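Working through the structure, step by step
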Amino acid sequence: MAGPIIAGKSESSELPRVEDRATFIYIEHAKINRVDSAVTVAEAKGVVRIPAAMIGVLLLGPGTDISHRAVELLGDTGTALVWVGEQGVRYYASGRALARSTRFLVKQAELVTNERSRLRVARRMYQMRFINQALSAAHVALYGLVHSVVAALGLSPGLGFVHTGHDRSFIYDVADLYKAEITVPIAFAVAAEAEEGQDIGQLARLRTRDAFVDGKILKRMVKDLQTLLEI
Amino acid sequence: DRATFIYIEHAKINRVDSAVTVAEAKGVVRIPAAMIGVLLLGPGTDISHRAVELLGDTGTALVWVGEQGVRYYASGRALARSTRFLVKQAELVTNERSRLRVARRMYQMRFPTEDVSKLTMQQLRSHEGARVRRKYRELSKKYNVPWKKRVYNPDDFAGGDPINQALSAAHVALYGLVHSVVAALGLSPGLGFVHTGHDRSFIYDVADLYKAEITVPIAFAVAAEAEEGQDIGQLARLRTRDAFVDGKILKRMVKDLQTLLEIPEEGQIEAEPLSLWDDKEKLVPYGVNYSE
Amino acid sequence: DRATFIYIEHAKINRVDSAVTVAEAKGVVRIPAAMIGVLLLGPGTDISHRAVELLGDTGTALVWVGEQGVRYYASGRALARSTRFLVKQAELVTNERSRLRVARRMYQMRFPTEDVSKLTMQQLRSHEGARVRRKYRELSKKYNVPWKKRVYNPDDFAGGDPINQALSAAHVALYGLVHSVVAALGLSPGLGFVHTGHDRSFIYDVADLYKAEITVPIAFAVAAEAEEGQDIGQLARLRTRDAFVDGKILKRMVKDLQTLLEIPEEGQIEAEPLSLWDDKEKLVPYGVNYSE
Amino acid sequence: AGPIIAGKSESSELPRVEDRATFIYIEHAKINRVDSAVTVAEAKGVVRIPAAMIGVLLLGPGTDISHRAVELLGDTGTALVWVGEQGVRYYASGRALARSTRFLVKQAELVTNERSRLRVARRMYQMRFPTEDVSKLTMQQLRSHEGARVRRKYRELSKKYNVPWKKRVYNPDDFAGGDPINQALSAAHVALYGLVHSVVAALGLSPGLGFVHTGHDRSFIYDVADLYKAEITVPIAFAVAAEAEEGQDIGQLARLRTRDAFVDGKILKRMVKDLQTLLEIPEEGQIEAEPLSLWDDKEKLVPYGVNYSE
Amino acid sequence: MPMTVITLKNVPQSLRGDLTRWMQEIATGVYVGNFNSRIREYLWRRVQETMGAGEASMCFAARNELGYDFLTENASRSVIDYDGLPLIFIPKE
Amino acid sequence: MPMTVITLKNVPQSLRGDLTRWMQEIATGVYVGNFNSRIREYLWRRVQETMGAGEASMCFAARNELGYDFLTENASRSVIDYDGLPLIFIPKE
Amino acid sequence: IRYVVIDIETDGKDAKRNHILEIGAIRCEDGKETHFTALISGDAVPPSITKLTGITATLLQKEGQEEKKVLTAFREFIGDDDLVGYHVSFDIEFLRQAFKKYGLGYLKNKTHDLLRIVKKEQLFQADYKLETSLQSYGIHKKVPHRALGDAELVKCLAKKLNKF
DNA sequence: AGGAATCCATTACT
DNA sequence: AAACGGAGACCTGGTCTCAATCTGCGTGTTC
DNA sequence: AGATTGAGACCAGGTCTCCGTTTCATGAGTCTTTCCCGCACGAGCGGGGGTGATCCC
DNA sequence: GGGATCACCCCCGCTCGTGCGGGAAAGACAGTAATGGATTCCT
């Protein structure tokens, strides 16, 4: 009568699509824990219960600490973890996957080993192509979300096209494809529209968040990769 | 050439100046990260953003695992930001001739005696099925284990003979550490050779190098002594956890994969685990100091 | 042509076989349904569906009213399902020839000592404005209540001098009774002759014939004996209820309406304020049984 | 604005008439206002009705409502209709929700002029059957022809569904009938009556001032109810009767199929628009910050609250 | 995106935290969420079994002309239709 | 049409029964309905001037990727702005 | 104290995309036997339920009956007391929604569920099974998946549990 | 000669 | 070391019954 | 008589630390093909609202 | 000319259609296992 599958964890089907989830969250000076099967970010004033399912990448800044079971719980959702620090990003993290079909990866493999195939993607790369702490915050937000979607669909960050030779080579090829488009005009606006006594970390990330949702850049992540991979 | 796979359990980690600080109740550790290549984390451990930062800039590998790798949870950047291994791993799957050679080597790694060059994927898949069926059959009566059949239920594993969960638990146990190592090594599990079209396609084509050697002997072992009214799965998991503590199995995957990926012995990078409370004597010359 | 404006309070009303039975606090009344032409349902009164079906057939007018009809909440059908008064009302309001005729007729009723029918209504508000100002002053002299200028605020009831609050509170008590009779008899509240543009335009116009006679002097009287702090809003309501207990004002206006509408003498239907317990000897000739 | 007191609210808070549900049915239960909540005291428990999302709250046989309960319903403009056997038995309604009365004044001035009455009577029949030209005939045969179309429509629908028709036409005034076709159609029609009863009060239209039907206090409903009875409820009612089986409460089944027609038919948007067409109200964004005014034939409308003596 | 809300009480603390991965928690045992209709049952199916003893109910965007529909299981607040209309039934003790 | 969610802790019973005329009660002290932007805000004006010493919070659909914005007055579970994303802040011991 | 043990099984889960297959119930009160069952004809059966229990168009035509009459009889004999069963709230939700399609009327019963009270005495894990609960209370008989067998099974379960 | 053990033929299952 | 789970611990916001008091929430000649 | 406020008693249930106990809940010796289910997308369209012309004063 | 009457878009909510990327579900792929008949041996 009941006919019930085992529960207490989550199958990727129960997770919303990589598009439905939000762009990113930023955390500072917090101790992340997993209480009552819930990921929590603990601040001095109090704690907050992040909805990991509805968020793509969860950035972490200086002076924050994360428990092991928290990383396990985030991996179930598959949300990516990015340790953001001073002067650019420092280290990356990821779960295992969100889609069980390796078609994009297999096609990604085909387009990376064949040198002529690399030239095709590189030529295809060019068509849709055409203060430091403020610009850095825009980069890492861009880096985190594009890493999450790449890791969500199983694409290999190691296999890049232009940026190559490092474990996150593909991310440095897909992230900069949009850096000069969205972040740069937003970053310039932050510098021009600036005032003393305002939280630059709060304000800069707030505006970049609006630009991403307004520009439907998250919508473009899946489609641009899919059309570039002929899938 | 030298890679260290340290496994910390039941402790926190920070730094003081440039070395990680294990916060176990037994003592205080200050292992420098210069010699650290891969850092495995077990259940009930903490790691701070300020500690992680040096790990990223020194090109180490942060990998969250279960108890000494019984299950894999998450990983990070591979060794020293080096993709010399995945790039070679990339060009093998795309080329069928390379895929024939790699798949053939996989079978001959399992059975060096049998001739493999004339065989193809279907031959390898068929012959392996014939071999494992023999291996299942002959070893079943060796442990006085009545084996009716191998049936695995992906949804409801609870209903069945004790071997099934035990074999499944033993099977999934090995899947963990092999996934963590290959992620640490820097090969995505997507690129399978015999198995394909799955997230862990490369895992299911690599774990078979040890399924007949580790999983099945221990699966029937716990099944033979399995008693009524017990979580055979949990007992099998505990036994697999004890087997993994020895790093001799771990030394094989790092060695076998490098051989499997046609890496020259000059480019082959051997590795070994470094226990915190059991390798103190040899880590002292390396600059590791201990406080209680 | 007698209309029974029966008022009931603290009662549960149903039917036994063919007559309305009233289960009030201190007994049970069994008034026949034929007599009930217009029912005045006071606070805390309950109605049964069967009684509604019985009273729906007789054309009885059902109106939900406050204590002794102090405030009107909702209304049902007109009296005896008639609509002649509403139709005549519509004809009179539409044409100016009749619009002026009734307008003078009400304005004359407010000036018993002066006939200003021939003077244009432009100064009639000026003439009326002097009368109420005269009425305000002389009433203040009689009860020695200071009075400078009526100031109020619909959004600020509590603030201001008590007399304006008391005068405003008494006026609302007056609208309730007059709005009850017009809905029961079938007048449209929207079709106002002098006032226009609001759903109560007629109500303020018809009650304007009783501004200077009942509501204003009572408000001045009660405020004179009232001191600071007392809720004059309910105090004014309770005393206006006392002036409505007799029901003489009920008879006075019910005759004035069709008199204002130029209804012929044959069409002058009269409403008699029958009460279940205030007219014990008056109902028993008709054959009504009482229970205690 | 003024203070908010438990049990009262203004029109601005309440949503417009076009953003409200159809109706509720209640049977063998008591209505009461406990803890400033309109509630139904059924046999097993209680239920709180969000009256703001209620066009009209129908009352079947064996229901009771207290005086205080009516007051709560009257604030939000929900009409009260008692529908027992033999169709509806009585009507009830509260204050008009909308503060303007320009709809009401047009109705009175239109009904007096027979030329205006005739043109509207021709306008009202045009919506019923746009395929016909009726700009010539007068009232006495509108009842014949509108009636003939109704009688013929009833006959054809009955034959198609295979439900025998006694030829007795639906008469809300003392309806008669006990056969399963009777309460199937009677309950269906009174559902249409309830929504119409509230909206005329909601927009401030006099219920007793109608064109085609006159002589009783609810005339205007009958004239405008006919605008959709032959297009909505009659097709639904006969469908229920045809599929009706023995020993089943067809009133419930019939009542459900009405709302599906009501929602899909887009009636509220259509019906409110139709009253505009009948009244020929011009389209303009009237602020009406000054609702009430004093009539002035010489000079439009003078405001209120002014002593004109000085 | 359509809105859905889930309430909980008297349920194991694991569930009370598990849903926080998906749905925010305004107060004690109440949740809000904007999920696709496909995601709704998956969360509810977990709630169908991870519930344990206690009481729970869910509201969501619906095609009924009110705008929402009700789901209750072993609740003193039974949901009963009123001609295709969701209402809360509170049986008396 | 954006969805509305209402919660109440330690509020006078008059408002608890009065607001049922707009929302249905999925759970005790928890109310929900489907209004527009204008009507919902006026219902805030009702609760804000009758709750007194109490606790109330609401959520309604908004132009944030989470899909809803939090509204709260005098509640234990405050709201904290995480770069525009409304998340429940719960003070601790 | 009167209750009705109801067990039903559908061809799926969706409200509009699935249909009731079998309906059988017993009132468990005062210990008098009025065992009842019913079946519904049909032509399409999903493979999963086909392998789990076994249902075919031939069976449905030779034994099953009309949906409307069976539902009418069900509403007729469930109008007196509450509906009780294992995981019964989910089944009652769909069944009452099915009465909406055929216009049976207003079902008025407490939506209380036997499974929820059974889960209470453990509260250990997040998943529970029928044969897990039955063996916990000395009910060795397994699932016959039929109306009367499951009816008597839940009757014994109610006798053993008695949380009400 | 008949059965029975053996072998082969063969379907059948892992 | 983390986290769950249970068994305690006592918490309080809600439900309920009980008299007591109430019939109700108020601009239209206010500038 | 129906309804609200308040005081009164109640207490189930949320919350807490303490204590014990785990380190988890369990597949894929074979992929391939052909399927089915989906809500996803665009895009078609009504439908009036707004806008724009003529039509009537 | 303004209001009154008859028609203009836009376009956007609404509806619907395919359809795509996912199911699940079978159906393929090889050597042995197992069964039975033919062969051979045995009474």
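Before reading on, note that the structure itself is shown above.
Residues numbered from 1 in each chain as written, not as in the entry; some residues may be left out. Chains lettered and ligands numbered in written order. Heavy atoms only, no water.

In this section: the protein's contact with DNA strand I. If you check the shell around DNA strand I, you find 62 residues, and the closest are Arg 34 and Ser 37 of chain A, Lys 12 of chain B, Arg 71 of chain C together with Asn 307 of chain D. Between a base nitrogen of DNA strand I and a side-chain N or O atom of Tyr 204 of chain C, the distance comes to 2.5 Å. Mapped onto the surface near DNA strand I, the elements with two or more residues apiece are strand 2 (31-34) of chain A, helix 4 (122-143), helix 5 (162-185) and helix 8 (232-245) of chain C, helix 1 (67-75) of chain D together with strand 1 (4-9) of chain F. With 4 residues, the top contributor of residues to the surface near DNA strand I is helix 4 of chain C. Of the residues that constitute the surface near DNA strand I, the class distribution is 23 nonpolar, 18 polar and 21 charged. (Near = heavy atom within 4 Å. Polar contact = N/O pair within 3.5 Å; in protein donor to acceptor, adjacent residues only side chain to side chain. Helix = DSSP H or I, 4+ residues; strand = E, 2+ residues; numbered from the N terminus. Nonpolar A, V, L, I, M, F, W, Y, C, P; charged D, E, K, R; others polar.)

This part is about unusual backbone geometry. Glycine aside, negative phi is the norm for most residues, and most peptide bonds take the trans geometry. You will see that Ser 37 of chain A, though not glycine, has its phi angle at about 55 degrees, which is positive. Structurally, the position occupied by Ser 37 of chain A is in the loop between strand 2 and strand 3 (39-42). Using a relative accessible area of 11% as the deciding quantity, one classes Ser 37 of chain A as buried. Despite not being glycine, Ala 80 of chain B shows a phi value in the positive range, around 50 degrees. (Buried < 20%, exposed > 50% of the residue type's maximum accessible area, 1.4 Å probe, protein only.)

Tallying each qualifying case throughout the model produces 29 aromatic pairs over all chains. Ring centres of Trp 83 of chain A and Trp 64 of chain B lie 6.3 Å apart, and the angle between their planes is 25 degrees; on these two criteria the pair is classed as stacked. With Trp 83 of chain A in strand 7 (residues 80-84) and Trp 64 of chain B in strand 7 (residues 62-65), this residue pair bridges two chains. Ring geometry for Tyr 68 of chain F and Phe 70 of chain F: centres 5.8 Å apart, planes at 45 degrees, overall tilted. Put simply, the rings of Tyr 170, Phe 175, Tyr 193 and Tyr 222 of chain D pair up and form one aromatic cluster. When the ring centre of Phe 60 of chain E is taken as reference, the NZ or CZ atom of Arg 40 of chain E above it lies at 4.1 Å. (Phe/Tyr/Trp six-rings, centres within 6.5 Å; stacked < 30°, edge-to-face > 60°. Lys NZ or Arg CZ within 6 Å of the ring centre and 35° of its normal.)

Before going further, it helps to spend a moment on the interface of chain A and chain F. The figure often quoted for interface size is the accessible area lost as the parts come together. Listed as interface residues are 21 residues of chain A and, on the opposing side, 15 residues of chain F. Taken over both partners, the interface formed by chain A and chain F buries close to 1600 Å², and the fraction arising from carbon and sulfur atoms is 56%. In terms of surface lost to chain F, no three residues of chain A exceed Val 47, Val 48 and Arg 209 of chain A, which account for 28% of the buried area on that side. Our count for the chain A to chain F interface comes out at 2 salt bridges. For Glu 65 of chain F, the salt bridge goes to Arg 209 of chain A, with nearest N and O atoms at 3.6 Å. Secondary-structure elements contributing two or more residues to the side of chain A that touches chain F are strand 1 (22-25), strand 4 (46-48) and helix 7 (200-215) of chain A. Residue contributions to the side of chain A that touches chain F peak at 6 residues, all from helix 7 of chain A. (Contact = heavy atoms within 4.5 Å. Buried area = accessible area lost by both parts, 1.4 Å probe. Salt bridge = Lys/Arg side-chain N within 4 Å of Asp/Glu carboxyl O.)

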